[PDB]
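Colleague: give me a 3D structure for the following:
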Amino acid sequence: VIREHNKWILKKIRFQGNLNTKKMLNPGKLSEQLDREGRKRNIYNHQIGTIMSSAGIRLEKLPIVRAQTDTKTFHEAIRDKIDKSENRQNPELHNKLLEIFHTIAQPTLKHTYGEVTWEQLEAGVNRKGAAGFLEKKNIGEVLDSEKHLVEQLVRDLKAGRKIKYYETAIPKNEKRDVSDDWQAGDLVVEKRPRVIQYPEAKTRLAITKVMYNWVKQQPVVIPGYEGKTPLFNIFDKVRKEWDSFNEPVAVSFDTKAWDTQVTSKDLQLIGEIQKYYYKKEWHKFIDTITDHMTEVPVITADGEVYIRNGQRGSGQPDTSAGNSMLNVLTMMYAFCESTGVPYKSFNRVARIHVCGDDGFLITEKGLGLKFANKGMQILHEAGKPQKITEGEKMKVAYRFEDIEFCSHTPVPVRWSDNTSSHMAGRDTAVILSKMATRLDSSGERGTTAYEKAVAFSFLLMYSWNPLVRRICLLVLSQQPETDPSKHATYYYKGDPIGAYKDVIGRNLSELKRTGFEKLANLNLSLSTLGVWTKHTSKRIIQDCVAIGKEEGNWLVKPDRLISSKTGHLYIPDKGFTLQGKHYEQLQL
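Modeller: Numbers count the residues shown, from 1 in each chain. Right below this line is the structure:
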């Protein structure tokens, strides 16, 4: 019981309290917070957050917390992962790994790679790209002015000269999924930070500029490199391979802290593979740069300095390519050595998919489990320790939907024309989490021109999720005469629904059904964690109907269920899908 002149505060609570105070009342949390600089910004996306709160969705219950950027733990991070000797690896590992590479190399491109125009390096670049402990300017600023300094770096490197190489190590500030944790007792309030180790935004532009093709894997030369592959159509092509086996089994790759496991010889092996695709003139640039990465001096954000014995530095330009190639080769290596299947014969009995250290392969039940069992040991001595599990063997999948990749598994979808396909699935709880806390930082206070680009982006990815799909449609119904933001993953031109068709291949309205028992599972956590109420679904459905009832062409009617209830369809006008300020150019 609180005093009257104090109840006014209550008009502002928007979430249950988390203080867990025991002798002092803790009414609730407010919708806003305080900037690291004192300002008062929002926690979630307004439009989206509001719609979700309409139904019994409790934003405060979404498995999402921030990472601890404090130095105390930031150091505990370095000490717990990066502080390690290099993994002992069997002798011929790198010879036999190189051997496997040659069985997959394309002679057509051998020694054909060269430098690139500032005009393509500049394409899609994240300008606000870090600076480096001893560097004043960031990417963009370097691009604006010191563009010349970068050209001599390239020269000094091509000539294999002196270069004071070093990396800055800072804890990555970001919100992290804690779904698993909360699903079990551990109600963590925040999670350990990832240490980003990176070159100096000059040395970055220098390396990237000449090695654009390998790094940006334009001609994709890495077996099963799913890196430039949009996520919303990968399982369809993977379903193909699955269906091409008699008793298919999928085995996932689970290296514990990949980056932390790359050896010097691993880095050298990629150096070689790199020299295979680059013209002889650049081979010294590669040797010089590779030589430095074998032992890097690292300056932490607070001043400390450690001499890392070259593992991988997340901020290095060659992380995606390097890690991927190195991953496939090592997995291919392990597989063959476990089954006996000749290196050269891999593609005869197996199909592989890799994205960094993330990936899996598909083979017959026989070979597959022989690999999962003998792979633990073989990989371990190869220097890529697999996460220890109760099963004692690599994670095997006997069902297609049980295939996990890039934090997603295949969700079955039934189209109106009685055909099927699979989309990228994930626990709803998490989709909703990321959809509510993704705030774009084109710094801006965010529009409704950004929340639309986000909803559109989540539409392409999760149309198979009714709840999520409808939330998007509602957001997209707002302010029709205001184009979407380009600061989201994808954005659209013309009609959103028209655009959906553009990349998905089918129209939203043609989406007739979602695997019952798959969707069912992906919604289980929503209750365990009490994220929604037994009326949310109903409510969101009503929210939609309301809008699409009256005669007119409403973009909320592309949802079959809503359509049948309002009796109206939605006739799309053309639309086109596009990326925004990009990471790795997806080839849509």
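
Colleague: surely residue 316 is in contact with residue 196?
Modeller: No: applying Cβ atoms under 8 Å as the test, residue 316 and residue 196 come out as separate, 10.5 Å apart. For every residue, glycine as well, the C-beta is placed using N, CA and C.

Colleague: give me the more crowded residue out of the two.
Modeller: Legend: neighbour count by other Cβ atoms under 10 Å for residue 316 and residue 196, higher for residue 316 (24 against 17).

Colleague: report how many residues lie close to the residue nearest to that one when sequence neighbours are not counted.
Modeller: Take residue 316 and drop its neighbours on the chain: the residue closest to it by Cβ to Cβ, 6 or more residues apart in numbering is residue 199, 6.2 Å away. As a burial measure, the neighbour count of residue 199 was computed by other Cβ under 10 Å and equals 26.

Colleague: distance of residue 199 relative to residue 206?
Modeller: Computed with Cβ to Cβ, to the nearest Å, the distance linking residue 199 and residue 206 is 9 Å.

Colleague: before we move on, what about residue 395?
Modeller: Distance check for residue 395 against residue 206: by Cβ to Cβ, it reads 40 Å.

Colleague: can you check residue 487 too?
Modeller: Using Cβ to Cβ, residue 487 is found at 28 Å from residue 206.

Colleague: check contacts around residue 363.
Modeller: With contact set as Cβ atoms under 8 Å, 6 or more residues apart in numbering, residue 363 has these partners: 245, 248-249, 251, 335, 349-351, 371.

Colleague: what are the boundaries of the helices in the stretch 301-450 of the chain?
Modeller: 319-339, 346-349, 365-381, 428-437 (DSSP state H, counting those that start in this stretch).

Colleague: adding distance to residue 149 and mean neighbour count, write those helices out as CSV.
Modeller: Shown next, in CSV, are those (distance: least, Cβ to Cβ, whole Å; neighbours: other Cβ atoms under 10 Å):
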stretch, distance to residue 149, mean neighbour count
helix 319-339, 24, 24
helix 346-349, 45, 16
helix 365-381, 43, 19
helix 428-437, 39, 22
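
Colleague: reformat those as TSV; add distance to residue 222.
Modeller: Putting these into TSV (distance: least, Cβ to Cβ, whole Å) gives the following:
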stretch	distance to residue 222
helix 319-339	5
helix 346-349	14
helix 365-381	19
helix 428-437	28
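
Colleague: among those, which is nearest residue 273?
Modeller: Checking these against residue 273 by Cβ to Cβ gives helix 319-339 as the closest, at 6.2 Å.

Colleague: look up how far residue 523 lies from residue 532.
Modeller: Counting by Cβ to Cβ - residue 532 and residue 523 are separated by 9 Å.

Colleague: that older thread, closest one to residue 53 among the helices of the stretch 301-450 of the chain?
Modeller: Comparing the helices of the stretch 301-450 of the chain against residue 53 with Cβ to Cβ, the closest turns out to be helix 428-437 (9.8 Å).

Colleague: show me what the helix or strand just after that closest one is packed against.
Modeller: Downstream of helix 428-437, the first helix or strand assigned by DSSP states H and E is helix 451-462. Here helix 451-462 is seen to pack against helix 46-54, strand 420-425, helix 428-437, helix 466-477, strand 490-494, helix 496-504 when contacts are counted using 3 or more Cβ pairs under 8 Å, 6 or more residues apart in numbering; DSSP states H and E.

Colleague: direction included, what does the shortest one pair against?
Modeller: Spelled out, it's strand 490-494. When sheet partners are counted by DSSP bridges, strand 490-494 sits next to strand 575-579 (antiparallel).

Colleague: now the partner strand - C-alpha only, PDB.
Modeller: What follows is strand 575-579 as a C-alpha-only set of coordinates in PDB (Å, rounded to 0.1, in the frame of the first residue of the first chain):
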ATOM      1  CA  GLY A 575       7.200  -5.300 -55.600                       C
ATOM      2  CA  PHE A 576      11.000  -5.900 -55.400                       C
ATOM      3  CA  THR A 577      13.200  -7.200 -52.600                       C
ATOM      4  CA  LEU A 578      16.600  -5.600 -51.700                       C
ATOM      5  CA  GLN A 579      19.400  -5.700 -49.000                       C
END
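
Colleague: ok, and what's touching it?
Modeller: By Cβ under 8 Å, 6+ apart, the residues outside strand 575-579 that reach it are 124, 460, 486, 489-503, 585-586, 588.

Colleague: which of the residues you listed are buried?
Modeller: Neighbour-count burial (16 or more other Cβ atoms under 10 Å) is assigned, among these, to 460, 489-492, 495-503, 586, 588.

Colleague: quick one: which of these is nearest residue 301?
Modeller: Nearest to residue 301 among these, with distances taken as Cβ to Cβ, is residue 489, at 28.4 Å.

Colleague: which one is the closest one nearest to, not counting chain neighbours?
Modeller: If the residues on either side of it in the chain are set aside, residue 489 comes closest to residue 457, at 4.2 Å by Cβ to Cβ, 6+ apart.

Colleague: show the contacting residues for that neighbour.
Modeller: 488-491.

Colleague: got those residues as TSV, with distance to residue 281 columns?
Modeller: Formatted as TSV, those follow (distance: Cβ to Cβ, whole Å):
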residue	distance to residue 281
488	41
489	38
490	38
491	40
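
Colleague: ok, the residue nearest to residue 316 - contacts?
Modeller: Taking Cβ under 8 Å, 6+ apart, we find residue 199 in contact with 132, 165, 167, 207, 313, 315-317.

Colleague: how far away is it from residue 468?
Modeller: Distance check for residue 199 against residue 468: by Cβ to Cβ, it reads 38 Å.

Colleague: please apply the same query to residue 284.
Modeller: In this structure, residue 284 and residue 468 are 51 Å apart, going by Cβ to Cβ.

Colleague: thinking again about what came up before, which one's more surrounded, residue 487 and residue 206?
Modeller: Using other Cβ under 10 Å, the more surrounded residue of residue 487 and residue 206 is residue 206, with 27 against 19.

Colleague: pretty sure that one sits against residue 155.
Modeller: No: using Cβ under 8 Å as the test, residue 206 is too far from residue 155 to be in contact (9.5 Å).
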